[PDB]
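Participant:
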Amino acid sequence: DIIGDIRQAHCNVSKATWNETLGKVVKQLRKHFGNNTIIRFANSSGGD
Amino acid sequence: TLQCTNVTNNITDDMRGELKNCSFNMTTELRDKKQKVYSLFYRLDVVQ
Amino acid sequence: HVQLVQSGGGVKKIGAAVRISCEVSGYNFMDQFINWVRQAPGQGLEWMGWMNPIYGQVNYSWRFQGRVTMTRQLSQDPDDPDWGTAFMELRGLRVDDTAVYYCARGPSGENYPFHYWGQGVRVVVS
Amino acid sequence: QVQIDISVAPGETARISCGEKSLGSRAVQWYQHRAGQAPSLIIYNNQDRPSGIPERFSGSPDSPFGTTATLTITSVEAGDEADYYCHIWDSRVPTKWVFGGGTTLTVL
Amino acid sequence: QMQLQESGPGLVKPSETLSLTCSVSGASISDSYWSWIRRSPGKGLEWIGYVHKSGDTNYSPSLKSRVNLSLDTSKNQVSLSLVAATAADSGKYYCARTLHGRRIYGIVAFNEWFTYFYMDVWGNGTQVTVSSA
Ligand SMILES: *[C@@H]1O[C@H](CO)[C@@H](O[C@@H]2O[C@H](CO)[C@@H](O[C@@H]3O[C@H](CO[C@H]4O[C@H](CO[C@H]5O[C@H](CO)[C@@H](O)[C@H](O)[C@@H]5O)[C@@H](O)[C@H](O[C@H]5O[C@H](CO)[C@@H](O)[C@H](O)[C@@H]5O)[C@@H]4O)[C@@H](O)[C@H](O[C@H]4O[C@H](CO)[C@@H](O)[C@H](O)[C@@H]4O[C@H]4O[C@H](CO)[C@@H](O)[C@H](O)[C@@H]4O[C@H]4O[C@H](CO)[C@@H](O)[C@H](O)[C@@H]4O)[C@@H]3O)[C@H](O)[C@H]2NC(C)=O)[C@H](O)[C@H]1NC(C)=O
Ligand SMILES: *[C@@H]1O[C@H](CO)[C@@H](O[C@@H]2O[C@H](CO)[C@@H](O[C@@H]3O[C@H](CO)[C@@H](O)[C@H](O)[C@@H]3O)[C@H](O)[C@H]2NC(C)=O)[C@H](O)[C@H]1NC(C)=O
Ligand SMILES: *[C@@H]1O[C@H](CO)[C@@H](O[C@@H]2O[C@H](CO)[C@@H](O)[C@H](O)[C@H]2NC(C)=O)[C@H](O)[C@H]1NC(C)=O
Ligand SMILES: *[C@@H]1O[C@H](CO)[C@@H](O[C@@H]2O[C@H](CO)[C@@H](O)[C@H](O)[C@H]2NC(C)=O)[C@H](O)[C@H]1NC(C)=O
Ligand SMILES: *[C@@H]1O[C@H](CO)[C@@H](O)[C@H](O)[C@H]1NC(C)=O
Ligand SMILES: *[C@@H]1O[C@H](CO)[C@@H](O)[C@H](O)[C@H]1NC(C)=O
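Chains as they are written, first to last, in the entry's author numbering: chain A, 321A, 322 to 368; chain B, 128 to 141, 150 to 183; chain C, 1 to 52, 52A, 53 to 76, 76A to 76G, 77 to 82, 82A to 82C, 83 to 100, 100A to 100C, 101 to 112; chain D, 6 to 67, 67A to 67C, 68 to 95, 95A to 95C, 96 to 107; chain E, 1 to 82, 82A to 82C, 83 to 100, 100A to 100R, 101 to 112.
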């Protein structure tokens, strides 16, 4: 029997660190595709 | 065959019951007798 | 050998879903990504994405995102573990995609470029 | 519901119970009813109480488990004779529209 | 500091509406929620329903189609109306003031909380007796 409260298991990531890291990744990816280009991420689009 | 129902939670329409309360039969040490036991399963462990 | 077949073409009214099946055997099905290539009459080939049957990975084009589902079915029993079926469900199609669809694949260990091709299911819209 | 008769000796505390303990986070309600006068609340949250009413009364905080909502009447007074009713808000088990089983407190 | 005046004849023939009006004197109708309570012999007082600020009232599941509530802004009062009354709904009626409640136990972004309503100011009550004679 489940005792106490019922909630949804969750994850947290610190926003400033995450955004800065994604900025660094963008900076380093722009070298392999030319300086002036646009990069946009998007969540997974299917599968198991 | 698990005869199973929903946990008596205060769920909404969208927030599906993530715990299913399922009862079924099992064979004890004495091979002649069969007992009825209940348990809880997550929604991704039961197919109709 | 390398056996691959298609099924489920035809003509459909606008606003319905077209199912196209590609059934493959003769090789281990875990590897060898399926590549779904569409050929529109009067023009050279165009590519609409690919699928990977290890975990149903998909990778679409810049046009079909939100209109296609590249599903799969593996073999449940270990009796014939190399009988795979890649399904493509196309939805809400405009009148301007009467074409022929092929389920190509690639060499042993890679995916580019396509060697084997399919007889091709032809789909028309009325 | 049932007007169960409970009496408390003056100068000693009393403990009143509300049945059907729930199994989650709760928001308790406790109201009184005195004949011939306007009923008013006594407890609106487990550890938060309305102004005006003297400090003598208190309620059980259900932050740990196994702590049923028990109404504690400290420094009882001859004017405390009334009917005490419970309205339980409960998280897992659904909303209780009807108030819980009441109690009748009389001063001896 | 609001005094709620309950006006009700207290007598209605069977299979007819039992209408009572709780007029508002001390305060304005749009200050907090209005709820209604019915006390009858044999059971404790019952919280029969309430009225939202935007007129989106809620009733108990037992009598959702048997009783109705209305709020009027021209006259500072609330109105309650039983439909097809029988001899078992007689007793005492109270119009009461109710305050919004918001206790959080999970994560707000994922819902996980409940809205509880309680009582802080009651009316002096009205007595209704429904019978053939
Ligand atoms: C990942 O990220 C997500 C981001 O969303 C995280 O999600 C958060 O997760 C936490 C817990 O994991 C949730 O905490 C609950 O929050 C609700 C909402 O309250 C918020 O707002 C309050 C505002 O209060 C005002 O007054 C206080 C004075 O009390 C003042 O200090 C404050 O500045 C403000 O002005 C905040 O106070 C409150 O912070 C609280 O957090 C502490 C956590 O442990 C808590 O202990 C502190 O007391 C502090 O107040 C919060 O920001 C809270 O209501 C809730 O706490 C109540 O419910 C639990 C569960 O039942 C109960 O145990 C608590 O005791 C408390 O219940 C009190 O009040 C009831 C009112 O009726 C009463 O009935 C109870 O008896 C109890 O009263 C007594 O409490 C103490 C107990 O010792 C006692 O000393 C008092 O005197 C009193 O008598 C939870 O804390 C967040 O809601 C949730 N979301 C967000 C957006 O934060 C997630 O956690 C992250 N996960 C990971 C792994 O990183
Ligand atoms: C990746 O992110 C996209 C962001 O748009 C997600 O798309 C959204 O997905 C949700 C849930 O699948 C869709 O809600 C559904 O909408 C349909 C409408 O036909 C409705 O029938 C369902 O009951 C449900 O409400 C939402 O519409 C959709 N939005 C768009 C613009 O496509 C996608 O789900 C994310 N995928 C993953 C794997 O996280
Ligand atoms: C899962 O279903 C079983 C059905 O046997 C529940 O068991 C009974 O549930 C009722 C309903 O509250 C209780 O009054 C009984 O005391 C329970 N009996 C036993 C032996 O536990 C069980 O409670 C259900 N699970 C949950 C979480 O509600
Ligand atoms: C567990 O076994 C018991 C008996 O051993 C089952 O009870 C009956 O099972 C038959 C099927 O053989 C049904 O036709 C009857 O309706 C059952 N009785 C009742 C009162 O329902 C029981 O169904 C089995 N399963 C569970 C979950 O208890
Ligand atoms: C992420 O970091 C970059 C660093 O230059 C900054 O310009 C941008 O505003 C940040 N994004 C957010 C949402 O804070
Ligand atoms: C429990 O979950 C099922 C999921 O299909 C839902 O239909 C049902 O309304 C929920 N509640 C109850 C009491 O069964």
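For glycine and all other residues, C-beta sits at the position ideal for the given N, C-alpha and C.
Quick one: what's got a C-beta closer than 6 angstroms to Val-67(C)'s C-beta in the same chain, skipping five residues either side?
Facilitator: The residue given as residue 67(C) occupies position 68 in the third sequence. Excluding residues within five positions, the ones whose Cβ falls inside 6 angstroms are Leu-82.
Participant: Would a check of beta-carbon distances place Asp-86(E) closer than 8 angstroms to chain D?
Facilitator: Start at 1 with the first residue of the fifth sequence, and residue 86(E) comes out as number 89. By this cut-off, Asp-86(E) is not an interface position.
Participant: For the 8 angstroms Cβ check, are there 3 or more pairs between the region 4-22 of chain E and the region 68-80 of chain E?
Facilitator: The answer is yes - the region 68-80 of chain E touches the region 4-22 of chain E, with three or more Cβ pairs under 8 angstroms.
Participant: Is the beta carbon of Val-107(E) closer than 8 angstroms to that of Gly-49(E)?
Facilitator: On the fifth sequence, residue 49(E) is found 49 positions in, with the first residue counted as 1. On the fifth sequence, residue 107(E) is found 128 positions in, with the first residue counted as 1. No; because the gap between Cβ atoms is not below 8 angstroms, this pair is not in contact.
Participant: Going by CA-CA distance only, name the one from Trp-47(C), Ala-16(C), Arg-71(C) that's closest to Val-89(C).
Facilitator: By 1-based counting over the third sequence, the position of residue 89(C) is 100. Nearest option by C-alpha distance: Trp-47(C).
Participant: Can the beta-carbon of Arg-94(E) be found closer than 8 angstroms to that of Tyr-100M(E)?
Facilitator: Taking the first residue of the fifth sequence as 1, we reach residue 94(E) at position 97. Taking the first residue of the fifth sequence as 1, we reach residue 100M(E) at position 116. Contact flag unset, no.
Participant: Output yes if chain A places a C-beta closer than 8 angstroms to the C-beta of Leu-175(B); else output no.
Facilitator: Residue 175(B) sits at position 40 when you count from the first residue of the second sequence. Yes, contact with chain A.
Participant: Need the endpoints of the alpha helix (DSSP H) that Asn-339(A) sits in, please.
Facilitator: For the purposes of this step, residue 339(A) is taken as the residue at position 19 of the first sequence. Note, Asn-339(A): alpha helix (DSSP H), 335-349.
Participant: Going by C-alpha to C-alpha distance, which of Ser-70(E), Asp-100Q(E), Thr-105(E), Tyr-100B(E) sits closest to residue 277(A)?
Facilitator: Past the edges of chain A, shown from 321A to 368, lies residue 277(A), and the structure says nothing about it.
Participant: Got a sec: is the Cβ-Cβ distance from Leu-63(E) to anything in chain D below 8 angstroms?
Facilitator: Working through the fifth sequence from its first residue, we reach residue 63(E) at position 63. Closer than 8 angstroms: no.
Participant: Give me the Cα-Cα distance between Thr-128(B) and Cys-157(B), rounded to the nearest whole angstrom.
Facilitator: The sequence position of residue 128(B) within the second sequence is 1, counting from 1. The sequence position of residue 157(B) within the second sequence is 22, counting from 1. The straight-line gap from Cα to Cα measures roughly 10 angstroms.
Participant: Can you pull the chain A neighbours of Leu-154(B), defined as C-beta to C-beta under 9 angstroms?
Facilitator: Indexing the second sequence from 1 puts residue 154(B) at position 19. Those are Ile-322, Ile-326, listed as they occur along chain A.
Participant: How would you label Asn-52(C), buried or exposed, when you count the other beta carbons within 10 angstroms and need 16 or more for buried?
Facilitator: Counting from one through the third sequence, the residue named residue 52(C) turns up at place 52. With 16 or more other Cβ atoms within 10 Å, it is buried.
Participant: Less than 7 angstroms between the CB of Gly-65(C) and some heavy atom of ligand 2, yes or no?
Facilitator: Along the third sequence, one-based indexing puts residue 65(C) at 66. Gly-65(C): yes, Cβ under 7 angstroms from ligand 2.
Participant: Please state whether DSSP places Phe-176(B) in a helix, a strand or coil.
Facilitator: Indexing the second sequence from 1 puts residue 176(B) at position 41. Reduced to three states, the DSSP call for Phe-176(B) is strand.
Participant: Is the beta carbon of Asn-156(B) within less than 7 angstroms of some heavy atom of ligand 6?
Facilitator: What you label residue 156(B) is simply residue 21 of the second sequence in a count that begins at 1. Incorrect: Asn-156(B) has no Cβ contact closer than 7 angstroms to ligand 6.
Participant: In whole angstroms, what separates the C-alpha of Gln-52(D) from that of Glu-60(D)?
Facilitator: Taking the fourth sequence and counting its residues from 1, the one referred to as residue 52(D) is at position 47. Taking the fourth sequence and counting its residues from 1, the one referred to as residue 60(D) is at position 55. C-alpha separation (whole angstroms): 12 angstroms.
Participant: Among residues of its own chain, excluding the 5 on either side of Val-109(C), which ones have a beta-carbon nearer than 6 angstroms to its beta-carbon?
Facilitator: Against the third sequence, residue 109(C) aligns to sequence position 123. Cβ within range, chain order: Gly-9, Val-18.
Participant: What's the gap between the Cα of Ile-34(C) and the Cα of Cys-131(B)?
Facilitator: Residue mapping note: residue 34(C) aligns to position 34 of the third sequence, counting from 1. Residue mapping note: residue 131(B) aligns to position 4 of the second sequence, counting from 1. When rounded, the distance between both Cα atoms is 40 angstroms.
Participant: Do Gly-101(D) and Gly-24(D) have their CB atoms nearer than 8 angstroms?
Facilitator: Walking along the fourth sequence from the start, residue 101(D) turns up at place 102. Walking along the fourth sequence from the start, residue 24(D) turns up at place 19. Taking 8 angstroms as the Cβ cut-off, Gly-101(D) and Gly-24(D) do not qualify as a contacting pair.
Participant: Closer than 5 angstroms between the C-beta and any heavy atom of ligand 6: which residues qualify, listed along the chain?
Facilitator: After applying the 5 angstroms Cβ criterion, the set is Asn-133(B), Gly-152(B).
Participant: Nearest by alpha-carbon distance to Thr-70(C): which of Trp-50(C), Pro-76D(C), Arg-62(C), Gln-105(C) is it?
Facilitator: Mapped onto the third sequence, residue 70(C) falls at position 71. Selected option, being the one with the closest Cα: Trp-50(C).
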